[PDB]
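Trainee: This is the structure I have questions about; it appears just below.
Neighbour counts run over all protein chains shown; Cβ positions are idealised from the backbone, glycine included. Derivation of every value follows stated rules applied to the coordinates shown; laboratory data play no part.
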Amino acid sequence: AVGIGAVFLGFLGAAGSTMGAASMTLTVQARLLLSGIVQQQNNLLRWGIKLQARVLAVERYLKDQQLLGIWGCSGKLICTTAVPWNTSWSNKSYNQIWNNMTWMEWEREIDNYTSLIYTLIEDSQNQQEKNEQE
Amino acid sequence: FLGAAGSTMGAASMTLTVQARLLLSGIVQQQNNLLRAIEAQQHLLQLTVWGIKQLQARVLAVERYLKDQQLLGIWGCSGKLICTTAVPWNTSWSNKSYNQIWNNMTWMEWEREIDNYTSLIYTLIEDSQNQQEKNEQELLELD
Amino acid sequence: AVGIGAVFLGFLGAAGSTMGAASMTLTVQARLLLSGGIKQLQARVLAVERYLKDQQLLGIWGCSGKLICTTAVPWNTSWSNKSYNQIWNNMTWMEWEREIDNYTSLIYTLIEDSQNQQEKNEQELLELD
Amino acid sequence: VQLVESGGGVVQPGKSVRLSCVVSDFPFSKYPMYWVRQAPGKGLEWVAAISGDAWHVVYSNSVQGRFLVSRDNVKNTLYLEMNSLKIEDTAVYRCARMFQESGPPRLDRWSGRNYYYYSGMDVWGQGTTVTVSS
Amino acid sequence: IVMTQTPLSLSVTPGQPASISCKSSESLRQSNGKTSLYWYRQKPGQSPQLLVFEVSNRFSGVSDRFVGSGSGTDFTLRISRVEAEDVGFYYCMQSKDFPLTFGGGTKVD
Amino acid sequence: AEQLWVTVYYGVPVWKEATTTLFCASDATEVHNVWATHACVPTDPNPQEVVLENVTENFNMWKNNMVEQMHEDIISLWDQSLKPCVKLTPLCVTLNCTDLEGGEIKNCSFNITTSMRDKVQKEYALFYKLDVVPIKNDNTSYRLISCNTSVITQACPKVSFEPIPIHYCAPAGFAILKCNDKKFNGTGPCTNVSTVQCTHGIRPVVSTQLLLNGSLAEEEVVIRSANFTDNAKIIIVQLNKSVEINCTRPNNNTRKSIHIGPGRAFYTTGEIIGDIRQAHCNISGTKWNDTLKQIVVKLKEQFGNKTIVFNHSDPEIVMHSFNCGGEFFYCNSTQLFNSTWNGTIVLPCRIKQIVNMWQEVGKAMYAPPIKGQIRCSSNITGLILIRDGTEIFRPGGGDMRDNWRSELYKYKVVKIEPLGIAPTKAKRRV
Amino acid sequence: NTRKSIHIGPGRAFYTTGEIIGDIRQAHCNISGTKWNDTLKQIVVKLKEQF
Amino acid sequence: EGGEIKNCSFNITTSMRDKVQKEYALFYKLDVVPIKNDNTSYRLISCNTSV
Ligand SMILES: *[C@@H]1O[C@H](CO[C@@H]2O[C@@H](C)[C@@H](O)[C@@H](O)[C@@H]2O)[C@@H](O[C@@H]2O[C@H](CO)[C@@H](O[C@@H]3O[C@H](CO[C@H]4O[C@H](CO[C@@H]5O[C@H](CO)[C@@H](O[C@@H]6O[C@H](CO)[C@H](O)[C@H](O)[C@H]6O)[C@H](O)[C@H]5NC(C)=O)[C@@H](O)[C@H](O)[C@@H]4O[C@@H]4O[C@H](CO)[C@@H](O[C@@H]5O[C@H](CO)[C@H](O)[C@H](O)[C@H]5O)[C@H](O)[C@H]4NC(C)=O)[C@@H](O)[C@H](O[C@H]4O[C@H](CO)[C@@H](O)[C@H](O)[C@@H]4O)[C@@H]3O)[C@H](O)[C@H]2NC(C)=O)[C@H](O)[C@H]1NC(C)=O
Ligand SMILES: *[C@@H]1O[C@H](CO[C@@H]2O[C@@H](C)[C@@H](O)[C@@H](O)[C@@H]2O)[C@@H](O[C@@H]2O[C@H](CO)[C@@H](O[C@@H]3O[C@H](CO[C@H]4O[C@H](CO)[C@@H](O)[C@H](O)[C@@H]4O)[C@@H](O)[C@H](O[C@H]4O[C@H](CO)[C@@H](O[C@@H]5O[C@H](CO)[C@@H](O)[C@H](O)[C@H]5NC(C)=O)[C@H](O)[C@@H]4O[C@@H]4O[C@H](CO)[C@@H](O[C@@H]5O[C@H](CO)[C@H](O)[C@H](O)[C@H]5O)[C@H](O)[C@H]4NC(C)=O)[C@@H]3O)[C@H](O)[C@H]2NC(C)=O)[C@H](O)[C@H]1NC(C)=O
Ligand SMILES: *[C@@H]1O[C@H](CO[C@@H]2O[C@@H](C)[C@@H](O)[C@@H](O)[C@@H]2O)[C@@H](O[C@@H]2O[C@H](CO)[C@@H](O[C@@H]3O[C@H](CO[C@H]4O[C@H](CO[C@@H]5O[C@H](CO)[C@@H](O[C@@H]6O[C@H](CO)[C@H](O)[C@H](O)[C@H]6O)[C@H](O)[C@H]5NC(C)=O)[C@@H](O)[C@H](O)[C@@H]4O)[C@@H](O)[C@H](O[C@H]4O[C@H](CO)[C@@H](O)[C@H](O)[C@@H]4O)[C@@H]3O)[C@H](O)[C@H]2NC(C)=O)[C@H](O)[C@H]1NC(C)=O
Ligand SMILES: *[C@@H]1O[C@H](CO)[C@@H](O[C@@H]2O[C@H](CO)[C@@H](O)[C@H](O)[C@H]2NC(C)=O)[C@H](O)[C@H]1NC(C)=O
Ligand SMILES: *[C@@H]1O[C@H](CO)[C@@H](O[C@@H]2O[C@H](CO)[C@@H](O)[C@H](O)[C@H]2NC(C)=O)[C@H](O)[C@H]1NC(C)=O
Ligand SMILES: *[C@@H]1O[C@H](CO)[C@@H](O[C@@H]2O[C@H](CO)[C@@H](O)[C@H](O)[C@H]2NC(C)=O)[C@H](O)[C@H]1NC(C)=O
Ligand SMILES: *[C@@H]1O[C@H](CO)[C@@H](O[C@@H]2O[C@H](CO)[C@@H](O)[C@H](O)[C@H]2NC(C)=O)[C@H](O)[C@H]1NC(C)=O
Ligand SMILES: *[C@@H]1O[C@H](CO)[C@@H](O[C@@H]2O[C@H](CO)[C@@H](O)[C@H](O)[C@H]2NC(C)=O)[C@H](O)[C@H]1NC(C)=O
Ligand SMILES: *[C@@H]1O[C@H](CO[C@@H]2O[C@H](CO)[C@@H](O)[C@H](O)[C@H]2NC(C)=O)[C@@H](O)[C@H](O)[C@H]1NC(C)=O
Ligand SMILES: *[C@@H]1O[C@H](CO[C@@H]2O[C@@H](C)[C@@H](O)[C@@H](O)[C@@H]2O)[C@@H](O)[C@H](O)[C@H]1NC(C)=O
Ligand SMILES: *[C@@H]1O[C@H](CO[C@@H]2O[C@@H](C)[C@@H](O)[C@@H](O)[C@@H]2O)[C@@H](O)[C@H](O)[C@H]1NC(C)=O
Ligand SMILES: *[C@@H]1O[C@H](CO)[C@@H](O)[C@H](O)[C@H]1NC(C)=O
Ligand SMILES: *[C@@H]1O[C@H](CO)[C@@H](O)[C@H](O)[C@H]1NC(C)=O
Ligand SMILES: *[C@@H]1O[C@H](CO)[C@@H](O)[C@H](O)[C@H]1NC(C)=O
Ligand SMILES: *[C@@H]1O[C@H](CO)[C@@H](O)[C@H](O)[C@H]1NC(C)=O
Ligand SMILES: *[C@@H]1O[C@H](CO)[C@@H](O)[C@H](O)[C@H]1NC(C)=O
Ligand SMILES: *[C@@H]1O[C@H](CO)[C@@H](O)[C@H](O)[C@H]1NC(C)=O
């Protein structure tokens, strides 16, 4: 059995890409977060520990889908907002990072401000737009 | 979040503008701190009687959340709070008039009014509307 | 001391019928997929962990919450030599998922990265006006 | 409450009559009914049963296909029509109400099939008598 | 199904306890959580009247000395200090499924 | 008229009654306590309590599943922490005891210990009259009490025994309702039913004929039971005005170790230092006398004639029993059941080191000795009484399940089912 | 056969069959041998038709 | 016949662990063995298997 090279950018593949370039592999990362490829080929022949790791992986998953549900953005992968940026988080401008920097470094610029972003997206995008329904 | 369980159905829709009193938000602010990894700072130190029960507790937190999203997901009413349908109400289900249901009634008494008939309404939404509209939508894309 | 005949449909009731008759039946196989001495609990997680995967793949494809939907991915006639009206009027589903079993991985990659990934970078940049 | 019948008497073989049981006060559409047959000097034989919404009808095997029952919830009546009469049908007929209340039909989720519950009897009408002879 | 009973004749006088049992071929336990066996009495020349509906509970207008019990197949109705007006018959009636049958009716004199 | 259409509302305020499985919440460390079990979810000091408006909801304090759930769990917690420790199977041998009130503690001399096979070891030991039994075939020569009863199993000495309050939290999607009527009978309806997510503190105190550290009924003294004119249903006396008790072990009690398990040392009383002074308790004589009259007034609203008589209730079941610092006291409470209604009370106490179970068959735990002197104080807030059918009241037996019925008597468990439908005039445009 | 009292393990009463009443009849199965004789000729009706 | 003919006796000291004591039981065949170098002495057939 042989195999030719990848033309579809496998798991974690675009980790060196810029932020405008790694966005084309967003689908591959999301799919394989849950259970990976399915191991445990029905071999139940002979514990407790095993299944706590299985239950946590769902809870990691359901944390985010509910959180995208509050952020008005369930189902999508890329969605906009009505929240303007506050440059005290990081004033680094547009092409200083976008066509210049990967994602591991952009996370190491915003990690201190993380929970501060989450309340603002909650309130001014859906707790706000709940007061536009009428 | 049960603040209007003695209120009336014609009045409980007023305070229901808050996200069912931020219903699901109490779960995510719980499981952010249910997933305090002190459980992983110990590996529970053993398998204990509580961790057996917590494991059987988190599963019901998983399952019974899904059974309410799936039924909202299948009804063409995914993620909303007040959606209308295309199903005509049948007076055989309840011969109560209009204002008595809304202005002059609780909720939990109204559960026991149609807890018999509830399951028939479940099928009569899907196979009447949400199975049905998808074919008629797909016909309107044939052109 | 009970009993009446069938009214709507049964579970897996359309699984010998044609596609055009089974397409109006999908909800009954959609409802009961989830509800239904440790070895009950090990079943009660696999039934969840299979449901999320099928839910997740619909989510990525821009097709979450709908039972059916269409895309813009073109059908490739290399995948099927079957004629059109034979498919929608003669073939059952159980036969049909032995015929396109090999091509399935090509399909799922050619939905996401083909279109619904591409329908967001195109989507996000329809602003500025 | 009050519970009697009418239309009783004596006929020939091959004939056809219809009785008329009339109830008094309870909501008649709520309850199912029955028919029982006490032969003179014998025990009892069950005959028939109707649902509350007059949709479900179960007959005995011996009188299968010959008889007929029906309801009229507005007129609060109860009919037992009979056909192809034989001499051994000579007995006492009694109109009888279910003891418990019944609900609407049930519709189990797993198979699209309703269910009408059926339980036994408390209020026997005093009943007419039909004799089949020459 | 088949459900007969025993003994047919109990010609007694008041002042003593006794019991009448009805024997079941098919076992009775419905999925509601109850055993649909209904014990009741006719008088001669009369349409019958309900003694007890379930083997546990009773009916209105019933003396306290009318007790019943049984398993899914064994079934027993016991009358403590058998009263003077206990004449006529006693039918055991089941309500499992159709056709729901009876017993012969135990005569008590 | 308007053809009504079906409308699905998500978030309706409904529930039912249900059963569930619960989980702890400790409010706080080496994790070696039997009850506290610090492998447990930490709490939240958020005040979460939500009050209702219009609720009439019957409760019960006997047919409530929350108290049967503990008694299948607190025996599981107390037996998981007993299984990995050493068994005491070679101890059941022929003893030889002597005494140095009379002679209570017993210098006993049994003489085998099979650390090996060939060489069994003579041994020094110090026992109690509540643990040894006489033998009828020779001179004075004893044996442990529960040899032919069950497997005597030592508890490991590096464990703990303190009560720590265990907040039962319902799992998510469920809820716990709580009433707030001061005059609540225990089994009727309520009016102000508040909603919490997780209950208050419950000290897992084990004791008999009284309750220790309890809770507090407010504003008056409550008496609850189900079938008053039956003798069977035990009345439960909850209190205000927390009555304080001191109890102590006025000895020094050095402990030695005896190697019997190859890697498992047996612990016993090495030698006492000082003077053999019996363990006892102290109760303020003023507050106790004032308290009992307040009970009788509420007794004379359910037994309002044939005046109330106190009389005291086998060494185990008759005696008052409790734990004090990992040490179990059996106290003669005869003095507190003398009066009728028409300084510092000292109660003597005895010490047993072979406790029994709740079902008291199949297992027998052996307490290790504790060095030093033990002081413990506690609020007596709970009294168990039984009628007999003038009215005489005994304390009662030892059904330990009845303890928590005095602590779960406001709590039921529901199932929030927030999905439901209702008709209205508005149709979805297809 | 009856009840019995054999010596106790550690909280473990062990039992070994108590006395017979005083006269021994050996246990036996007891089959209606006509139907059994009827049965095996009915079996070779359907044992046969493959060769 | 060969069956219940033999009731037996043996010394044992299970939970008291002080003194042995002989007994009486009731033992069939199919579970005993006449041992070697002794006159009418029996032993259970499955000692030196597992428990
Ligand atoms: C449907 O679908 C389809 C698809 O799908 C498919 O299928 C399926 C089933 C599956 O399979 C999947 O997967 C797939 O995908 C479609 O179709 C398609 O289309 C497309 C279009 O684009 C196409 O593509 C194409 O391709 C081609 C090919 O390529 C290859 O090759 C080449 C070369 O060529 C060659 O040459 C030679 C020389 O000349 C020749 O020979 C000759 O021949 C003749 C005849 O033919 C005679 O014989 C003579 O004599 C002789 O000499 C041959 O032939 C040829 N071939 C052909 C085919 O033609 C090159 O260049 C390239 O590059 C390639 O190559 C390859 O590469 C690889 C890598 O990359 C390699 O591999 C390797 O190997 C090694 C070893 O060796 C190792 O292993 C490693 O690892 C690996 O990797 C290989 O080897 C190679 N090969 C060779 C051979 O080389 C091309 O060419 C083309 O191009 C062209 O054209 C264009 C247009 O535009 C232009 O632009 C350019 O310029 C050029 O010209 C293209 O690209 C494909 O193919 C297809 N497919 C199929 C058909 O299948 C469709 O479309 C659909 N449909 C719809 C409707 O849609
Ligand atoms: C939803 O469905 C459920 C059922 O399905 C369930 O859910 C599904 C999903 C499935 O899972 C399924 O499996 C589930 O089970 C429905 O539940 C049903 O609800 C009804 C109530 O609506 C229940 O009916 C009652 O039952 C009792 C007995 O049931 C007991 O036991 C069951 C189980 O063991 C318990 O659950 C239950 O709570 C009881 O404890 C039955 O006895 C009742 O009938 C008496 O009361 C009514 C009310 O009075 C009488 O009706 C009146 O009759 C008079 C006379 O004509 C009229 O004038 C009145 O108009 C009428 N109506 C009213 C309102 O008054 C009824 O006739 C009967 O009255 C008694 O009659 C006898 C005989 O005449 C009389 O006795 C006489 O006494 C005198 C003096 O002593 C003399 O001695 C006489 O000789 C003597 O004969 C007696 O005094 C009368 N008493 C009174 C007070 O009048 C009642 O019907 C039903 O049990 C329950 N379950 C089932 C399985 O059906 C639910 O309703 C559905 N929901 C909805 C919204 O529909
Ligand atoms: C709101 O809900 C209503 C109720 O819902 C019901 O309850 C829910 C809990 C759930 O379970 C629902 O599934 C359930 O339906 C809906 O009402 C239903 O509507 C449908 C229409 O789609 C009705 O279906 C009709 O059924 C008729 C009856 O079919 C039965 O009877 C046939 C034989 O009929 C019998 O004939 C004998 C002849 O002798 C009669 O005896 C006489 O009776 C006299 C009166 O007592 C007198 O005593 C004489 O002495 C005696 O001889 C007997 O009475 C009669 N039976 C009845 C019940 O009357 C059987 O063949 C059949 O198998 C079944 O057993 C059908 O006749 C009818 O067909 C006719 O009508 C069609 C349309 O009108 C027409 O096209 C046909 O050509 C034909 O003429 C229908 O099939 C159903 O019964 C209703 N339910 C109830 C409980 O009544 C309602 O639809 C819904 N609202 C909306 C907007 O949808
Ligand atoms: C099972 O197969 C049969 C045919 O083999 C299906 O019957 C057809 O049903 C359609 C629907 O009305 C009719 O137009 C055809 O005429 C029927 N065929 C024949 C030969 O009469 C049947 O529908 C299938 N079962 C299910 C549940 O679809
Ligand atoms: C129990 O201990 C006592 C105390 O040592 C033993 O009695 C002694 O026996 C020796 C041997 O004759 C005498 O010299 C001592 O005078 C005895 N002392 C006393 C106080 O009696 C006794 O033998 C031990 N064993 C038993 C079974 O009692
Ligand atoms: C707590 O209990 C005390 C002791 O009974 C209560 O104080 C007495 O209550 C009775 C009954 O109301 C009165 O007759 C007395 O005058 C009260 N005082 C004294 C000194 O006996 C007290 O009411 C209870 N409640 C609180 C909140 O303290
Ligand atoms: C409380 O207990 C008493 C028993 O002391 C009950 O009184 C009697 O209970 C028996 C039990 O069946 C009945 O036969 C008697 O008729 C009862 N006597 C009276 C005068 O009622 C009493 O019923 C119990 N009460 C409750 C609510 O359980
Ligand atoms: C029980 O012991 C406590 C000690 O914990 C005693 O409490 C002391 O009481 C005196 C009064 O005599 C006060 O002056 C002290 O401040 C108290 N100290 C503490 C630490 O509480 C108590 O008096 C003793 N007796 C009773 C009956 O409770
Ligand atoms: C029902 O109970 C509520 C409870 O109110 C609390 O009462 C305690 C009493 O000590 C007080 O300390 C709290 O501050 C109060 N408030 C809260 C939010 O806990 C009463 O307020 C109602 O009046 C009661 N209803 C009736 C009919 O008595
Ligand atoms: C509704 O409130 C009622 C009080 O007002 C009544 O309302 C109308 C509908 C008439 O019934 C009339 O008698 C009164 O003006 C209560 O009586 C009733 O219990 C309430 N609940 C209902 C109808 O479910
Ligand atoms: C157990 O040991 C047996 C040997 O035991 C001796 O030999 C037999 C013939 C008897 O006389 C017996 O009473 C003697 O003590 C083996 O025969 C037997 O296989 C062994 N069982 C095992 C290894 O499972
Ligand atoms: C965000 O911007 C506001 C001005 O709108 C400023 O006051 C605030 O300091 C900024 N946030 C932080 C974290 O600095
Ligand atoms: C055995 O010792 C006890 C203890 O003093 C004594 O009472 C008894 O008399 C002794 N037996 C004999 C036979 O002396
Ligand atoms: C408590 O009061 C209710 C009425 O409010 C009553 O029905 C109930 O029986 C009382 N409790 C007791 C134990 O009597
Ligand atoms: C004793 O009974 C009488 C009779 O009713 C009553 O008046 C009196 O109050 C009762 N005694 C008490 C202390 O309640
Ligand atoms: C077994 O015993 C029953 C009870 O009398 C009997 O009916 C049946 O025929 C017997 N079968 C035999 C003896 O084979
Ligand atoms: C066993 O004992 C019997 C009678 O006591 C004797 O006849 C026989 O020889 C003995 N067998 C031996 C000692 O092997």
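Trainee: Looking for something closer than 30 Å to residue F:158 by Cα and of a type in the set (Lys, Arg) - is there at least one such residue anywhere in the range F:53-67?
Mentor: no
Trainee: Turning to a different aspect of this structure: Could you grab me the full set of residues in the range A:80-107 that are part of a loop (DSSP other than H, G, I, E, B) and of a type in the set (A, V, I, L, M)?
Mentor: A:82, A:83, A:101
Trainee: Could you please find all residues in the range D:32-46 being farther than 20 Å from residue D:22 by Cα and in contact with a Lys or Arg (Cβ under 6 Å, 6 or more places away or on another chain)?
Mentor: D:45
Trainee: Could you give me the residue pairs with C-beta distances under 7 Å whose first residue belongs to the range G:23-43 and is within 14 Å of chain H (Cβ to nearest Cβ), whose second residue is of a type in the set (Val, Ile, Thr) and more than 16 Å from ligand 9 (Cβ to nearest atom) wherever it lies, and which are 6+ apart or on separate chains?
Mentor: none
Trainee: Say we look at the range F:252-300 and pick out the residues that are assigned to a strand (DSSP E or B) and among the hydroxyl-bearing types (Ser, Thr, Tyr); which of these is farthest from residue F:119 (Cα to Cα)?
Mentor: F:284
Trainee: To continue, here is another question. Could you run through the range C:1-59 and say how many residues are in contact with an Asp or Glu (Cβ under 8 Å, 6 or more places away or on another chain) and within 30 Å of residue E:1 (Cα to Cα)?
Mentor: So the count comes out to 1.
Trainee: Confirm whether residue C:21 is surrounded by fewer than 16 Cβ atoms within 10 Å (Cβ to Cβ), in contact with a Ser or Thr (Cβ under 8 Å, 6 or more places away or on another chain) and farther than 30 Å from residue D:60 by Cα.
Mentor: Criteria not met by residue C:21.
Trainee: Against the condition outside any loop (DSSP other than H, G, I, E, B), touching a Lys or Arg at 6+ places or on another chain (Cβ under 9 Å) and under 25 Å from residue F:175 (Cα atoms), how does residue F:68 come out, does it pass?
Mentor: yes
Trainee: Could we say that residue F:304 is away from ligand 8 (no atom under 16 Å from the Cβ), surrounded by fewer than 17 Cβ atoms within 10 Å (Cβ to Cβ) and within 30 Å of residue F:255 (Cα to Cα) here?
Mentor: When the stated conditions are applied, residue F:304 does not pass them.
Trainee: Before we move on, is residue B:111 more than 30 Å from residue C:42 (Cβ to Cβ) and charged (D, E, K, R)?
Mentor: yes
Trainee: Another one. Among residues belonging to the range F:77-93 that are over 19 Å from residue B:46 (Cβ atoms) and crowded, with 17+ Cβ neighbours inside 10 Å, point out the one that is farthest from ligand 6 (Cβ to nearest atom).
Mentor: F:93
Trainee: Read through the list (1) within 26 Å of residue B:32 (Cα to Cα); (2) surrounded by fewer than 20 Cβ atoms within 10 Å (Cβ to Cβ), then give the number of the only condition that residue F:22 fails.
Mentor: Every listed condition holds for residue F:22 apart from (2).
Trainee: Any chance you could count how many residues in the range F:169-192 are away from every other protein chain (no Cβ under 12 Å) and surrounded by 18 or more Cβ atoms within 10 Å (Cβ to Cβ)?
Mentor: Residues in the range F:169-192 being away from every other protein chain (no Cβ under 12 Å) and surrounded by 18 or more Cβ atoms within 10 Å (Cβ to Cβ): 5 in total.
Trainee: On to the next question. Condition (residue is within 14 Å of chain D (Cβ to nearest Cβ) and touching a strand residue (DSSP E or B) at 6+ places or on another chain (Cβ under 9 Å)) applied to the range C:30-43: is it met by at least one residue?
Mentor: There is no residue in the range C:30-43 that is within 14 Å of chain D (Cβ to nearest Cβ) and touching a strand residue (DSSP E or B) at 6+ places or on another chain (Cβ under 9 Å).
Trainee: Provide a single number: the residues in the range F:57-90 that are more than 14 Å from every other protein chain (Cβ to nearest Cβ), in contact with a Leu (Cβ under 9 Å, 6 or more places away or on another chain) and not aliphatic (A, V, I, L, M).
Mentor: Qualifying residue count for the region: 2.
Trainee: A further question follows. Would you please name the residue that is farthest from residue D:45 (Cα to Cα), looking only at residues in the range E:6-55 that are facing chain D (nearest Cβ under 10 Å) and not in a loop (DSSP other than H, G, I, E, B)?
Mentor: Per the criteria, the residue is E:34.
Trainee: Moving on to the next point. Which of (1) crowded, with 18+ Cβ neighbours inside 10 Å; (2) among the polar types (S, T, N, Q); (3) more than 7 Å from chain B (Cβ to nearest Cβ); (4) within 29 Å of residue B:107 (Cα to Cα) does residue F:7 not meet, given it meets every other one?
Mentor: The single condition residue F:7 does not satisfy is (3).
Trainee: Moving on. Among the candidates C:27, C:70, single out the residue that is exposed (fewer than 11 other Cβ atoms within 10 Å of the Cβ) and among the polar types (S, T, N, Q).
Mentor: Only one candidate passes the filter, namely C:70.
Trainee: Hey, can you tell me all the residues within the range C:27-45 that are in a helix (DSSP H, G or I) and more than 19 Å from the chain's Cα centre (by Cα)?
Mentor: The answer is C:38, C:39, C:40, C:43, C:44, C:45.
Trainee: Name the one entry in B:57, B:61 that is surrounded by 15 or more Cβ atoms within 10 Å (Cβ to Cβ), in contact with a strand residue (DSSP E or B) (Cβ under 6 Å, 6 or more places away or on another chain) and within 30 Å of residue A:51 (Cα to Cα).
Mentor: Answer to the selection: B:57.
Trainee: Now, a different point. Show the residue pairs that are 6+ apart or on different chains and have beta-carbon atoms under 8 Å apart, the first residue being within the range A:108-125 and within 14 Å of chain B (Cβ to nearest Cβ) and within 16 Å of ligand 16 (Cβ to nearest atom), the second being β-branched (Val, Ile, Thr) and part of a helix (DSSP H, G or I).
Mentor: none
Trainee: Output the number of residues of the range E:14-50 satisfying the condition of being of a type in the set (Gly, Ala, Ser) and within 29 Å of residue D:5 (Cβ to Cβ).
Mentor: Selection size over the range E:14-50: 3.
Trainee: OK, next. Just to be sure, is residue B:116 part of a loop (DSSP other than H, G, I, E, B) and either over 20 Å from residue F:41 (Cα atoms) or within 16 Å of ligand 10 (Cβ to nearest atom) (or both)?
Mentor: Criteria met by residue B:116.
Trainee: Would you check which residues across the range F:362-417 are closer than 29 Å to residue F:197 by Cα, more than 14 Å from every other protein chain (Cβ to nearest Cβ) and not in a strand (DSSP E or B) and list them?
Mentor: Correct list: F:400, F:401, F:402, F:403, F:404, F:405, F:406, F:407, F:408, F:409, F:410.
Trainee: Do we have residue E:58 as outside any strand (DSSP E or B) and within 14 Å of another protein chain (Cβ to nearest Cβ) here?
Mentor: Yes: the conditions hold for residue E:58.
Trainee: Give the number of residues within the range D:86-134 that are part of a strand (DSSP E or B) and either closer than 26 Å to residue B:92 by Cβ or more than 14 Å from chain C (Cβ to nearest Cβ) (or both).
Mentor: Looking only at that region, the number is 19.
Trainee: So, residue F:338, is that one on the phi < 0 side of the Ramachandran plot and of a type in the set (S, T, N, Q) or not?
Mentor: Answer is yes for this residue.
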